[PDB]
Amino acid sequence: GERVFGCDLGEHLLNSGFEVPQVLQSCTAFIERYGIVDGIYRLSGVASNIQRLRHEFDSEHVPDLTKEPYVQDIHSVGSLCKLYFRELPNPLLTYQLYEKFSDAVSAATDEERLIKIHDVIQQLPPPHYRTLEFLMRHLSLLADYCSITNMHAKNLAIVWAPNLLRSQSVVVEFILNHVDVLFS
């Protein structure tokens, strides 16, 4: 189409043919291999570096992040990944389900929260469902490395939630902590 950043997620995936966005695949693949570092997603890239990457991906060009000059500035990749989500015109968790997600996590026990959160996730439209599963599995994998990155699930969810769920980090942390059962 005409652009990637700011394009509705469903429209973008209809256009590209990918299960989840190429930019998400590229950023996560890079981070999982080369970005297992202190402060992943906490620290930020240099703005000029983020805008360069944005401009490339926004043209549907896939830059080779694993080669210089990209391979050095890990945090521009993490920043870019978050920014893709921040610019979606309908957030990842969707406007339609925003209140249901909040209410779900407000249940009194983890069992009831699990059931209620599950029921909300199951009504996400397919492009949102697939993209959320892929992101949550990436952040769960990263949380395994928390002794290196100093990024536990709680802090991953705090940095991420504003980009994903808007009209909150409790909802995102709960999904992250239960990704295997919620996407089984």
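Numbers follow the displayed sequence, beginning with 1.
The stretch 65-73 shows the higher mean C-alpha B-factor when 65-73 is compared against 119-127 in the entry. Once the C-alpha B-factors are averaged per stretch, 104-112 and 89-97 rank with 104-112 first. Looking only at 155, 149, 51, 140, the residue with the top Cα B factor in the deposited structure is 51. For the set 16, 25, 169, 163, the PDB entry assigns the largest Cα B-factor to 16. In the PDB entry, residue 60 places in the highest third of its chain by CA B-factor. Looking at the C-alpha B-factors along this chain, the one for residue 132 belongs to the lowest third. Residue 31 sits in the lowest third of its chain by CA B factor, as recorded in the PDB entry. In the deposited entry, the Cα temperature factor of residue 43 sits in the middle third of values across the chain's modelled residues.
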